[PDB]
Amino acid sequence: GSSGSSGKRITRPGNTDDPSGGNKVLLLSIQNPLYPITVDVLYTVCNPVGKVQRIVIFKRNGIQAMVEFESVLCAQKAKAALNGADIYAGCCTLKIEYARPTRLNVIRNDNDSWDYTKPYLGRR
């Protein structure tokens, strides 16, 4: 013979979430990028506001690119100065939007994505 009781209580790893907005990283979306938009084009109008950490240009349903800043503060100002900052003749408008993630990723250094923070990669 044998006998035993089995009991348990609901348990989840997830923790209370929050819509807390504000991050050093900002999702920049170029509007009507008829002309090729490289990290330079951005960092060019971005630097004028503050130091830039890195810029990753991806192609997902529209020429997009994420730009990170030293700290959040800088992001606040930069966001504005860039918010609606026309780059080309009535076109290539900048559409900044506090990205979801706070940290970015850069496989390698190229026109697509550039990493200023660490300019030392290939000591060829």
# chains A, B, ... in the order shown; residues from 1 in each chain; ligands from 1
$ select_by_dssp --residues "stretch 6-88 of chain A" --states "strand (DSSP E or B)" --output "MDAnalysis selection string"
chainID A and resid 25:31 52:59 63:69 88
$ select_by_dssp --residues "chain A" --states "alpha helix (DSSP H)" --output "list in words"
residues 39, 40, 41, 42, 43, 44, 45, 46, 72, 73, 74, 75, 76, 77, 78, 79, 80, 81 and 82 of chain A
$ write_last_selection --atoms "N, CA and C atoms" --output "mmCIF file, in the first residue's frame"
data_model
loop_
_atom_site.group_PDB
_atom_site.id
_atom_site.type_symbol
_atom_site.label_atom_id
_atom_site.label_comp_id
_atom_site.auth_asym_id
_atom_site.auth_seq_id
_atom_site.Cartn_x
_atom_site.Cartn_y
_atom_site.Cartn_z
ATOM 1 N N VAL A 39 24.749 56.543 -40.924
ATOM 2 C CA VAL A 39 24.989 56.981 -39.555
ATOM 3 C C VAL A 39 25.540 58.403 -39.519
ATOM 4 N N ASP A 40 26.430 58.709 -40.456
ATOM 5 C CA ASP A 40 27.033 60.034 -40.535
ATOM 6 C C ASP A 40 25.959 61.116 -40.598
ATOM 7 N N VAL A 41 25.070 61.004 -41.580
ATOM 8 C CA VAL A 41 23.993 61.972 -41.751
ATOM 9 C C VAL A 41 23.326 62.294 -40.418
ATOM 10 N N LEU A 42 23.159 61.272 -39.586
ATOM 11 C CA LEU A 42 22.536 61.446 -38.278
ATOM 12 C C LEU A 42 23.521 62.042 -37.279
ATOM 13 N N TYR A 43 24.580 61.295 -36.984
ATOM 14 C CA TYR A 43 25.597 61.750 -36.044
ATOM 15 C C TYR A 43 26.011 63.188 -36.340
ATOM 16 N N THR A 44 25.889 63.583 -37.604
ATOM 17 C CA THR A 44 26.250 64.932 -38.021
ATOM 18 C C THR A 44 25.349 65.971 -37.361
ATOM 19 N N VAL A 45 24.044 65.727 -37.403
ATOM 20 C CA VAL A 45 23.075 66.640 -36.807
ATOM 21 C C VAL A 45 22.852 66.320 -35.334
ATOM 22 N N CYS A 46 23.360 65.172 -34.900
ATOM 23 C CA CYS A 46 23.215 64.747 -33.513
ATOM 24 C C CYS A 46 24.344 65.306 -32.653
ATOM 25 N N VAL A 72 20.698 59.699 -19.892
ATOM 26 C CA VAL A 72 19.310 60.042 -20.180
ATOM 27 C C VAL A 72 19.157 61.537 -20.441
ATOM 28 N N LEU A 73 19.674 62.348 -19.525
ATOM 29 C CA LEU A 73 19.596 63.799 -19.655
ATOM 30 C C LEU A 73 19.806 64.227 -21.104
ATOM 31 N N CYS A 74 20.991 63.944 -21.633
ATOM 32 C CA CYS A 74 21.317 64.299 -23.010
ATOM 33 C C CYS A 74 20.195 63.890 -23.959
ATOM 34 N N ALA A 75 19.646 62.701 -23.739
ATOM 35 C CA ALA A 75 18.564 62.193 -24.572
ATOM 36 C C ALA A 75 17.391 63.167 -24.604
ATOM 37 N N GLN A 76 17.053 63.715 -23.441
ATOM 38 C CA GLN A 76 15.948 64.661 -23.336
ATOM 39 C C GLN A 76 16.134 65.824 -24.305
ATOM 40 N N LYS A 77 17.246 66.536 -24.161
ATOM 41 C CA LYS A 77 17.544 67.674 -25.024
ATOM 42 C C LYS A 77 17.680 67.233 -26.477
ATOM 43 N N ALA A 78 18.586 66.293 -26.723
ATOM 44 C CA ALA A 78 18.811 65.783 -28.070
ATOM 45 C C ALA A 78 17.492 65.449 -28.758
ATOM 46 N N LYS A 79 16.627 64.727 -28.052
ATOM 47 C CA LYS A 79 15.330 64.342 -28.593
ATOM 48 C C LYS A 79 14.600 65.549 -29.172
ATOM 49 N N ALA A 80 14.545 66.628 -28.397
ATOM 50 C CA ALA A 80 13.879 67.850 -28.834
ATOM 51 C C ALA A 80 14.589 68.461 -30.038
ATOM 52 N N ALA A 81 15.804 68.951 -29.816
ATOM 53 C CA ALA A 81 16.588 69.560 -30.883
ATOM 54 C C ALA A 81 16.435 68.786 -32.188
ATOM 55 N N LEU A 82 16.284 67.472 -32.076
ATOM 56 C CA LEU A 82 16.129 66.617 -33.247
ATOM 57 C C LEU A 82 14.654 66.418 -33.585
#
$ residues_around --residues "residue A:55" --least-positions-apart "6" --cutoff "8 Å" --atoms "only C-alpha atoms" --output "list in words"
residues 39, 43, 65, 66, 67, 68, 113, 114 and 115 of chain A
$ atom_distance --atom1 "atom CA of residue A:93" --atom2 "atom CA of residue A:110"
23.1 Å
$ residues_around --residues "residue A:102" --least-positions-apart "5" --cutoff "10 Å" --atoms "only C-alpha atoms" --output "MDAnalysis selection string"
chainID A and resid 22:26 68 72
$ closest_residue --among "A:6, A:11, A:54, A:30" --to "residue A:86" --atoms "only C-alpha atoms"
A:30
$ atom_distance --atom1 "atom CA of residue A:53" --atom2 "atom CA of residue A:119"
10.6 Å
$ residues_around --residues "residue A:27" --least-positions-apart "4" --cutoff "6 Å" --atoms "only C-alpha atoms" --output "ChimeraX atom specification"
/A:66,96-99
$ write_last_selection --atoms "N, CA and C atoms" --output "mmCIF file, in the first residue's frame"
data_model
loop_
_atom_site.group_PDB
_atom_site.id
_atom_site.type_symbol
_atom_site.label_atom_id
_atom_site.label_comp_id
_atom_site.auth_asym_id
_atom_site.auth_seq_id
_atom_site.Cartn_x
_atom_site.Cartn_y
_atom_site.Cartn_z
ATOM 1 N N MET A 66 18.579 53.254 -34.547
ATOM 2 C CA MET A 66 18.577 53.568 -33.123
ATOM 3 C C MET A 66 19.852 54.306 -32.728
ATOM 4 N N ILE A 96 11.974 60.743 -33.880
ATOM 5 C CA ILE A 96 12.497 60.115 -32.672
ATOM 6 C C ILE A 96 11.373 59.518 -31.833
ATOM 7 N N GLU A 97 11.654 58.384 -31.198
ATOM 8 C CA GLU A 97 10.667 57.711 -30.362
ATOM 9 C C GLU A 97 11.346 56.804 -29.340
ATOM 10 N N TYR A 98 11.320 57.219 -28.079
ATOM 11 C CA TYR A 98 11.934 56.446 -27.007
ATOM 12 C C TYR A 98 11.804 54.949 -27.270
ATOM 13 N N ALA A 99 12.885 54.341 -27.745
ATOM 14 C CA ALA A 99 12.894 52.914 -28.036
ATOM 15 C C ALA A 99 12.503 52.100 -26.807
#
$ residues_around --residues "residue A:35" --least-positions-apart "2" --cutoff "8 Å" --atoms "only C-alpha atoms" --output "ChimeraX atom specification"
/A:33,37,92
$ atom_distance --atom1 "atom CA of residue A:34" --atom2 "atom CA of residue A:48"
23.6 Å
$ closest_residue --among "A:31, A:47, A:120, A:111" --to "residue A:88" --atoms "only C-alpha atoms"
A:31
$ decode --residues "stretch 80-118 of chain A" --atoms "N, CA and C atoms" --output "CSV table (one decimal), in the first residue's frame"
chain,number,residue,atom,x,y,z
A,80,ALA,N,14.5,66.6,-28.4
A,80,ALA,CA,13.9,67.8,-28.8
A,80,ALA,C,14.6,68.5,-30.0
A,81,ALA,N,15.8,69.0,-29.8
A,81,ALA,CA,16.6,69.6,-30.9
A,81,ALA,C,16.4,68.8,-32.2
A,82,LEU,N,16.3,67.5,-32.1
A,82,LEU,CA,16.1,66.6,-33.2
A,82,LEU,C,14.7,66.4,-33.6
A,83,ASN,N,13.8,66.5,-32.6
A,83,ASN,CA,12.4,66.3,-32.8
A,83,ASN,C,11.8,67.3,-33.8
A,84,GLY,N,11.6,66.8,-35.0
A,84,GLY,CA,11.1,67.6,-36.1
A,84,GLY,C,12.2,68.5,-36.7
A,85,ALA,N,13.5,68.0,-36.6
A,85,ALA,CA,14.6,68.7,-37.2
A,85,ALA,C,14.8,68.3,-38.6
A,86,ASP,N,14.2,69.1,-39.5
A,86,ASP,CA,14.3,68.8,-41.0
A,86,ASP,C,15.8,68.8,-41.4
A,87,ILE,N,16.2,67.7,-42.1
A,87,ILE,CA,17.5,67.6,-42.6
A,87,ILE,C,17.6,67.9,-44.1
A,88,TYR,N,16.7,67.5,-44.8
A,88,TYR,CA,16.7,67.8,-46.3
A,88,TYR,C,15.5,68.7,-46.7
A,89,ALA,N,15.4,69.1,-47.9
A,89,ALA,CA,14.3,70.0,-48.4
A,89,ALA,C,13.0,69.3,-48.2
A,90,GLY,N,12.2,69.8,-47.3
A,90,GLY,CA,10.9,69.2,-47.0
A,90,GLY,C,10.9,67.7,-47.2
A,91,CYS,N,11.8,67.0,-46.5
A,91,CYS,CA,11.9,65.5,-46.6
A,91,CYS,C,13.0,65.0,-45.6
A,92,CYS,N,13.0,63.7,-45.5
A,92,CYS,CA,14.0,63.0,-44.6
A,92,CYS,C,13.8,63.6,-43.2
A,93,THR,N,12.6,63.7,-42.8
A,93,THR,CA,12.3,64.2,-41.4
A,93,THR,C,12.6,63.2,-40.4
A,94,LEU,N,13.1,63.6,-39.2
A,94,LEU,CA,13.5,62.8,-38.1
A,94,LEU,C,12.3,62.5,-37.2
A,95,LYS,N,12.1,61.2,-37.0
A,95,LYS,CA,11.0,60.8,-36.1
A,95,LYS,C,11.5,60.0,-34.9
A,96,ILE,N,12.0,60.7,-33.9
A,96,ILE,CA,12.5,60.1,-32.7
A,96,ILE,C,11.4,59.5,-31.8
A,97,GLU,N,11.7,58.4,-31.2
A,97,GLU,CA,10.7,57.7,-30.4
A,97,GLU,C,11.3,56.8,-29.3
A,98,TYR,N,11.3,57.2,-28.1
A,98,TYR,CA,11.9,56.4,-27.0
A,98,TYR,C,11.8,54.9,-27.3
A,99,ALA,N,12.9,54.3,-27.7
A,99,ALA,CA,12.9,52.9,-28.0
A,99,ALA,C,12.5,52.1,-26.8
A,100,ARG,N,12.2,50.8,-27.0
A,100,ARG,CA,11.8,49.9,-25.9
A,100,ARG,C,13.0,49.6,-25.1
A,101,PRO,N,14.0,49.0,-25.7
A,101,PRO,CA,15.2,48.6,-25.0
A,101,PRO,C,16.1,49.8,-24.6
A,102,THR,N,17.0,49.6,-23.6
A,102,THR,CA,17.9,50.7,-23.2
A,102,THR,C,19.3,50.5,-23.8
A,103,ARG,N,19.7,49.2,-24.0
A,103,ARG,CA,21.0,48.9,-24.6
A,103,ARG,C,20.9,48.4,-26.0
A,104,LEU,N,21.8,48.8,-26.8
A,104,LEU,CA,21.9,48.4,-28.3
A,104,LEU,C,23.0,47.4,-28.5
A,105,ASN,N,23.0,46.9,-29.7
A,105,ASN,CA,24.0,45.9,-30.1
A,105,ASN,C,24.6,46.2,-31.5
A,106,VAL,N,25.9,46.0,-31.6
A,106,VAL,CA,26.6,46.3,-32.9
A,106,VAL,C,27.6,45.2,-33.2
A,107,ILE,N,27.2,44.3,-34.1
A,107,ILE,CA,28.0,43.2,-34.5
A,107,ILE,C,29.4,43.6,-35.0
A,108,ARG,N,29.4,44.5,-36.0
A,108,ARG,CA,30.6,45.1,-36.5
A,108,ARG,C,30.4,46.5,-36.8
A,109,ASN,N,31.5,47.2,-37.2
A,109,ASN,CA,31.5,48.6,-37.6
A,109,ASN,C,31.5,48.8,-39.1
A,110,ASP,N,30.4,49.4,-39.5
A,110,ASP,CA,30.2,49.7,-40.9
A,110,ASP,C,29.2,50.8,-41.1
A,111,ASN,N,29.0,51.3,-42.4
A,111,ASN,CA,28.1,52.3,-42.7
A,111,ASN,C,26.7,52.1,-42.0
A,112,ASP,N,26.3,50.9,-42.0
A,112,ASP,CA,25.0,50.5,-41.4
A,112,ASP,C,25.0,51.0,-39.9
A,113,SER,N,25.9,50.4,-39.1
A,113,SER,CA,26.0,50.7,-37.7
A,113,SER,C,27.5,51.0,-37.3
A,114,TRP,N,27.6,52.1,-36.6
A,114,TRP,CA,29.0,52.5,-36.1
A,114,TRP,C,29.0,52.7,-34.6
A,115,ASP,N,30.2,52.2,-34.0
A,115,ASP,CA,30.3,52.3,-32.6
A,115,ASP,C,31.4,53.3,-32.2
A,116,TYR,N,31.1,54.5,-31.8
A,116,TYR,CA,32.0,55.5,-31.4
A,116,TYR,C,32.7,55.2,-30.1
A,117,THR,N,31.9,54.9,-29.1
A,117,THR,CA,32.3,54.5,-27.8
A,117,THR,C,33.6,53.7,-27.8
A,118,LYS,N,33.7,52.8,-28.7
A,118,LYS,CA,34.9,51.9,-28.9
A,118,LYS,C,35.3,52.0,-30.4
